[PDB]
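Observations on the three-dimensional arrangement
Chain residues, written in single-letter form:
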Amino acid sequence: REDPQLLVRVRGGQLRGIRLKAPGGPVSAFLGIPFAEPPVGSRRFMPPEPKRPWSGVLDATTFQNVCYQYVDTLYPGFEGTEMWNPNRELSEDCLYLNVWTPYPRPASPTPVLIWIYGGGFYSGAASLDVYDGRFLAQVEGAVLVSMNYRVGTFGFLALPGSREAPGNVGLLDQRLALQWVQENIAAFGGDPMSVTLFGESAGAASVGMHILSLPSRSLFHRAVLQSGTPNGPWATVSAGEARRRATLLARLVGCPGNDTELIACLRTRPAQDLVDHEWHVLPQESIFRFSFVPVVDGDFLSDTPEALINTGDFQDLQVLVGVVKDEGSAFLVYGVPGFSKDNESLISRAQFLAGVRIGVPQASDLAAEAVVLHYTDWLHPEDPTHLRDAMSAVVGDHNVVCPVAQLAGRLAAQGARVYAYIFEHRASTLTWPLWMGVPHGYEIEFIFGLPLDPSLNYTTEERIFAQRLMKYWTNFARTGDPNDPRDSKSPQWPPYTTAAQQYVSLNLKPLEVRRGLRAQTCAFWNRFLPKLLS
Amino acid sequence: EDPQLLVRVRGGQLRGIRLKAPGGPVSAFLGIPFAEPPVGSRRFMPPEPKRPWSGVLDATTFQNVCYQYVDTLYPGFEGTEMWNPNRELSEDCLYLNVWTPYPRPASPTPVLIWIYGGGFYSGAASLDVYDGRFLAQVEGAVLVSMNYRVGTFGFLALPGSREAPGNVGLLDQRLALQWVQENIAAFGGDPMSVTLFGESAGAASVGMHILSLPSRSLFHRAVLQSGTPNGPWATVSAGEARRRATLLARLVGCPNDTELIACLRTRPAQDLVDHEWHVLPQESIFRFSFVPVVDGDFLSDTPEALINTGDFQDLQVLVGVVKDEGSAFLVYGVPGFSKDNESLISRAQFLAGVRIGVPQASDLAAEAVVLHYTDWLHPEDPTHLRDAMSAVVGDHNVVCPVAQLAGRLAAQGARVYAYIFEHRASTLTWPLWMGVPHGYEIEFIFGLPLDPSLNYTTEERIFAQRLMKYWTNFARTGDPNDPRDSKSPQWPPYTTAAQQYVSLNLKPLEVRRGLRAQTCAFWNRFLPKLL
Ligand SMILES: Nc1ccc2c(c1)c(-c1ccccc1)[n+](CCCCCCc1cn(CCNc3c4c(nc5ccccc35)CCCC4)nn1)c1cc(N)ccc21
Ligand SMILES: Nc1ccc2c(c1)c(-c1ccccc1)[n+](CCCCCCc1cn(CCNc3c4c(nc5ccccc35)CCCC4)nn1)c1cc(N)ccc21
Ligand SMILES: *[C@@H]1O[C@H](CO)[C@@H](O)[C@H](O)[C@H]1NC(C)=O
Ligand SMILES: *[C@@H]1O[C@H](CO)[C@@H](O)[C@H](O)[C@H]1NC(C)=O
């Protein structure tokens, strides 16, 4: 007979989980629990349907398939890229979620943290090493949930107004997993009335979209957005632009005239064919743009995220938001001429002006000259190191820092309690070059508590640092406040407000309170640049 | 009869006056005619050289101030009255002044020629702050200053006409320069070492002589203080001068060009000054009605075209700005601002003040300005908005045009030295929030603190001595550095690569790099692209 602590029933049917080892002791894991009917065949591009009950004991001891997606090839064998690549078989049959709980399971209901991965809505998996829930579960006593959701065409290809491809199905997958937690998480000792969404990059943008979409609001109570927002230039597309891209992809794969016929033809296409042409539909040469993303349908998103944050009422809402020191750096090697991970990437002024057009593709001649003039150091306008770093900052500011600044300000102006951070610590184990600093994605391993595994080779200080961070995030999940109530002396993390614009540095040093989140530069992007795009 | 006070110039004999300077005597020759009075039919015309005279011409007093507007915003207040005419007003005002050491220098001495400011609508070489006494006495310099015609009389133009060709006020200055070439040797001045210096409009004038071929054989070096020939206020197009002239003429009941000018010539001087202000195209500050015109003659092209393409290889230039170029202008039109209170303005008042500080700015352009100068951490702080409104006006009109001139001259072979003047005169009567306003360095360059009776601090006296040394070292050699003092900190030339300039204040020279580089990139490269 089996460990009595690993047998659990959901709506659902019977699950068998696995006792996993964490540094401080054991955790329970239920991996690869199906939450939808496999979205395959006639069902590609369609909203997810709830999983039908099964008979017997479903084995929930291993991660399940990763959703069909582009696999990164730019640097073969390189940990810097491979750590984000799929670590299970690619299949369209990928709608599974994972649960980590303390072992034995908690006696009284426990706060639930739901992770939503990033990958620009074209990639990602809940099964990646950096999303391992065992540490938060073992150390903080948290119930941690993560779901696979369809990406790329499978998740976001839309012919807006159609029945067969309405768009945003990837978000609907996420919503279904959240409904699943509501009905079922109490079986694992989680408290459905205390659910905090967190996510990074497109996951952050996803979390933000759940805040902005009414049918999702009853499904969670708090939200954390790491290095991503639902507003900004990459996280959504207009209905018209989504139609354009789906139509073009359709022709690239020999699918010519109503929507039914088109979509039917797309459905007969092999999954890999779609991935192989996914990238060809982008309107300009660009970086930090992705082909198939959330669409402003007038349904899931009733209006543009910009409009919904300017007019929304956010009184009952608590959000932790923030950014890493170098959001843009690692994007630069994916299409700006002159940039590489294998050299120092010192660029010329010409390579900088060309970079700007690629980093801000939307983005008239006048508008680009404004960006260049703003980011030039007029004391040393030809210095290749400053040019390199400005190119990085341009991409980081435009896509993450300033959309986050805008979000924090709007939410705080409209009733929300907002906490804001900038994460500035570079993992000792990073394999990206030094010049990239603290790239997009490299706080995640610290929030999840990876440094606690002695076999990963983080420094002792990093181990203590990760413990601090896990404490902030889960204090926030519990109470809506990252601070410790008992711990008087430790420096306080004040709320971000419009008046004082306070946020904290997260690094090896104790908390330092800073004011204004690149306030001057973000006034350029948020306030000015729109106006010379009229 | 003191033989030291008796000089023969080309047009006849002069008698000067021995004046007292704190260190000892100087010889002054004041009110020397350098032109036929520009009166009657000669109004608006180029100056003619003064006819020779009999006997000994009395040159012991300042002569009339050129006909001009007299300031009436704060009547009897030192801060304004000090720029007002201190002699009788007359159209008969083409005279100049020479201060020389006493006894007259043994060997040929460098000559400094002062060209006053006042927006081309006012000014006079007779003001207390332009007193050449001290430079003559302490440094052994021969100092010259001329009156030149201002407002309508100096710069009313109907371009391409014979009778009002424009720029005659600048021709007045050129004639005084010629007079120096012909006559200064008689005083012990070296006509081969002439340095022009000027402030505000006087600085813009200096720059116009730099950019006009016929003036170039009349001087060797130049100092432009808080003013430039390029930039938004110092010139107007032919088309715009014609419109203002026509408008003025219509405003005074006048009347082809000949006829219109003839009628203008019948009008009493005060009638022209009465309506001078109503020809401006917009509610504005730091804009002046009658200023030099791009005539294709004196100025062959815009100062902007001319500085971009000129050869400046055998030229040495000293340029600079004061710490608060625009503070004092704000009380002359921007709602919210007065000298009698702290002028703590609202945001609304800031956006409205920008439309006035940058009158030529579109809605979008003005937005860019506001967004640039707002402090986004304290977007509604009255003190910040007040200081920023000042900054807008100072950067737009003075600092950034100075930065553009400096870079252009340096790139094109000139030797350039730059400064920022940061000492507020203890005796200043303007309020504290104005900081170091436009015009308040001249005092120190001319050496007034050396007069014990004016109540400057000891520090202030020593500081003015330093400054007089930089200016005269510069006049003497084209280099402001003291060639005897074998200690630092050296004043380095301004260059396009390094962009070095120095702070002039009570502390020793500090070398700084980049003269508001980020901000001036905004004004010099970006803002034009919006238009
Ligand atoms: N010749 C081709 C053909 C097809 C595709 C190609 C190129 C590219 C491409 C590759 C290299 C250079 C330019 C373009 N691309 C583009 C891939 C570039 C996308 C950006 C990679 C990136 C870089 N960063 C910042 C650093 N950290 C991360 C990553 C990655 N993922 C994550 C996910 C979450 C958080 C962080 C993180 C993945 C890769 C490396 C770093 N995030 N994402 C395609 C994309 C498709 N969806 C489909 C097909 C193709
Ligand atoms: N209602 C009227 C009618 C006619 C005129 C009026 C107003 C004005 C005016 C006065 C107050 C507010 C708005 C408008 N104005 C405007 C004169 C004010 C313009 C500039 C004042 C100024 C302020 N600063 C800075 C501080 N230092 C100086 C000065 C002044 N001159 C100089 C000269 C050289 C160096 C410095 C300097 C003179 C004034 C005060 C300070 N420089 N110049 C007129 C002008 C004309 N040419 C003819 C008519 C009129
Ligand atoms: C770095 O390498 C890339 C491609 O291999 C190249 O384009 C770039 O010129 C290199 N940069 C430097 C500074 O050598
Ligand atoms: C950590 O360091 C050890 C050497 O003690 C080495 O054997 C191992 O490969 C390293 N682990 C990782 C994940 O880099």
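**Remarks on the site of ligand 2**
Residues and elements named next belong to chain B.
- Around ligand 2 there are 13 residues in total, and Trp83, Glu199, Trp277, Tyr332 and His438 lie nearest to it.
- In the model, a nitrogen atom of ligand 2 is placed 3.4 Å from a nitrogen or oxygen of the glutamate 276 side chain.
- The separation between a nitrogen atom of ligand 2 and a polar main-chain atom of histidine 438 is 2.9 Å.
- About the coverage of ligand 2: the protein hides 81% of its 920 Å² of free accessible area.

**Some details on the UniProt feature "disulfide bond" in chain B**
All names here are of chain B.
- In this model the sulfur atoms of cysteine 66 and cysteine 93, a pair UniProt annotates as disulfide-bonded, sit 2.0 Å apart, close enough for the bond to be present. Of this pair, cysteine 66 sits in strand β6 (residues 65–66) while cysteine 93 sits in the loop between β7 (89–90) and β8 (95–101), and the two are 27 residues apart along the sequence. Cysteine 93 matches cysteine 66 in its accessibility class, with the two residues each being buried.
- Measuring from sulfur to sulfur, the annotated disulfide partners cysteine 254 and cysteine 263 are 2.1 Å apart, close enough to count as bonded by the 2.5 Å criterion.

**Looking at the interface of chain A and chain B**
- Each partner contributes to the interface: chain A provides 21 residues, whereas chain B provides 21 residues.
- Of the roughly 1,700 Å² buried at the junction of chain A and chain B (both faces included), carbon and sulfur atoms supply 66%.
- Looking only at chain A, the three residues that lose the most surface to chain B are A:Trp378, A:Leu379 and A:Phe528, adding up to 36% of its buried area.
- Across the chain A-chain B interface, the total number found is one salt bridge.
- Between A:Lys531 and B:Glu367 there is a salt bridge whose closest N-O contact spans 3.9 Å.
- Here chain A and chain B share seven residue pairs in polar contact between them.
- Contributions of two or more residues to the side of chain A that touches chain B are made by α12 (365–375) and α16 (519–528) of chain A.

**Section: the site of ligand 3**
All names here are of chain A.
- Taken together, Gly338, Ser340, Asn343 and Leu346 make up all the residues around ligand 3.
- Side-chain polar atom of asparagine 343 to an oxygen atom of ligand 3: 2.4 Å apart, as the coordinates give it.
- Bound to the protein, ligand 3 loses 41% of the 370 Å² it would expose on its own.
- Broken down by class, the residue content of the shell around ligand 3 amounts to one nonpolar, three polar and no charged.

**Topic: the pairing of strand β18 (residues 510–513) of chain B**
Residues and elements named next belong to chain B.
- Direction of pairing for strand β17 (residues 500–504) relative to β18: antiparallel, over a ladder of four bridges. Across the sheet, residue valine 502 finds its bridge partner in β18, namely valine 511.
- Hairpin geometry of β17 and β18 is characterised by an intervening segment of five residues between the two adjacent antiparallel strands.

**Observations concerning the UniProt feature "disulfide bond" in chain A**
Residue and element names in this part refer to chain A.
- Measuring from sulfur to sulfur, the annotated disulfide partners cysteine 255 and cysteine 265 are 2.1 Å apart, close enough to count as bonded by the 2.5 Å criterion. In this structure, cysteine 255 and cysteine 265 share a single accessibility class: buried.
- Regarding the annotated cystine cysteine 402-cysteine 522, the two sulfur atoms come within 2.0 Å of each other, below 2.5 Å, so the disulfide is formed in this entry. Of this pair, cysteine 402 sits in helix α13 (residues 384–413) while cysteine 522 sits in helix α16; the two residues are 120 residues apart in sequence, bridging distant segments of the chain.

**Observations concerning the side chain of B:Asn481**
All names here are of chain B.
- Mapped onto the elements, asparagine 481 comes out in the loop between α15 (458–477) and β17.
- Given the relative accessible area of 12%, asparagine 481 is considered buried.
- Within polar-contact distance, the side chain of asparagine 481 engages the side chain of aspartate 479 at 2.8 Å.
- Within polar-contact distance, the side chain of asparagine 481 engages the backbone nitrogen of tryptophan 491 at 2.7 Å.
- Once residues within four sequence positions are removed from consideration, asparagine 481 is found in contact with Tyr417, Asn473, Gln490 and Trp491.

**Quick notes on the pairing of strand β15 (residues 316–322) of chain B**
All names here are of chain B.
- When you tally the buried positions in β15, you get seven out of seven residues, the bulk of the element.
- The alternating pattern of β15 places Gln316, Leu318, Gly320 and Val322 and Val317, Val319 and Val321 on opposite faces, both of which are buried.
- Examined bridge by bridge, strand β12 (residues 221–225) and β15 share five bridges and lie parallel to one another. Paired with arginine 221 across the two strands is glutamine 316, which belongs to β15.
- Of the strand pairs in this sheet, β15 and strand β16 (residues 415–421) are connected by seven bridges, and their pairing is parallel.

**Focus on the UniProt feature "active site" in chain B**
Residue and element names in this part refer to chain B.
- If you check UniProt for "active site", the listed places come out as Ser200, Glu325 and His438 in our numbering.
- One can find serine 200 in the loop between β11 (189–199) and α5 (201–210).
- The contacts of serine 200, once residues within four sequence positions are left out, are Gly117, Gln225, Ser226, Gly227, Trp233 and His438.
- Assignment of secondary structure puts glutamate 325 in the loop between β15 and α11 (347–357).
- Judged by relative accessible area, which is 2%, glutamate 325 ranks as buried.
- Ignoring anything within four residues of it in the chain, the contact list for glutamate 325 reads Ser226, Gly394, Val398, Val399, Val436 and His438.

**Comments concerning the state of the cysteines**
Residues and elements named next belong to chain B.
- Under the criterion given, the structure shown has six disulfides over all chains.
- Between the sulfur atoms of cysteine 66 and its disulfide mate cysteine 93 the distance is 2.0 Å. Taking the sign of the torsion about the S-S bond as the criterion, the disulfide between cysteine 66 and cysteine 93, at about 95 degrees, is right-handed.
- A residue is classified by how much of its surface remains accessible, and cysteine 93, at 1% relative accessible area, is buried.
- There is a disulfide in this structure between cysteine 254 and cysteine 263, and the S-S distance comes to 2.1 Å.

What counts and how
The numbering scheme counts residues from 1 along every chain following its written sequence, independent of the entry's numbering, with residues that lack coordinates not shown. Chain A is the first chain written and ligand 1 is the first ligand written, with later ones labelled in order. The side-chain numbers reported here are obtained from all heavy atoms of the structure, hydrogens and water having been left aside. Residues with missing side-chain atoms are left out of burial classes, side-chain pairs and their counts. Residues are classed as near a molecule or strand on a simple rule: at least one heavy atom within 4 Å of it. Any pair of N or O atoms that falls within 3.5 Å is considered a polar contact. Within protein, one atom must be able to donate a hydrogen and the other to accept it, and sequence-neighbouring residues count only if both atoms are side-chain atoms. Each accessible area is a Shrake-Rupley estimate made with a 1.4 Å probe; only the visible protein chains count as cover when residues are assessed. Count a disulfide wherever a pair of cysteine sulfur atoms falls within 2.5 Å. UniProt positions are given in the numbering used here, feature names are shortened, and annotations may be inferred rather than shown by experiment. Working definition: helices are DSSP H or I runs of at least four residues, strands are E runs of at least two. Numbering for both runs from the N terminus. We call a residue buried when its accessible area falls under 20% of the maximum for its residue type, exposed when it is over 50%, and partly exposed in between, using a 1.4 Å probe and counting protein chains only. By definition in these notes, contact holds between two residues if any of their heavy atoms fall within 4.5 Å. Buried area counts how much accessible surface, traced with a 1.4 Å probe, disappears from two parts once they are put together, with both parts' losses summed. A pair is scored as a salt bridge if a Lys or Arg side-chain nitrogen falls within 4 Å of a carboxyl oxygen belonging to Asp or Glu. Side-chain classes are defined by residue name, with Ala, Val, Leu, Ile, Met, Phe, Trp, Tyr, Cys and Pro counting as nonpolar, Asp, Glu, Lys and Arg as charged, and the others, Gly among them, as polar. One bridge is not enough; two strands pair if DSSP finds at least two bridges between them.

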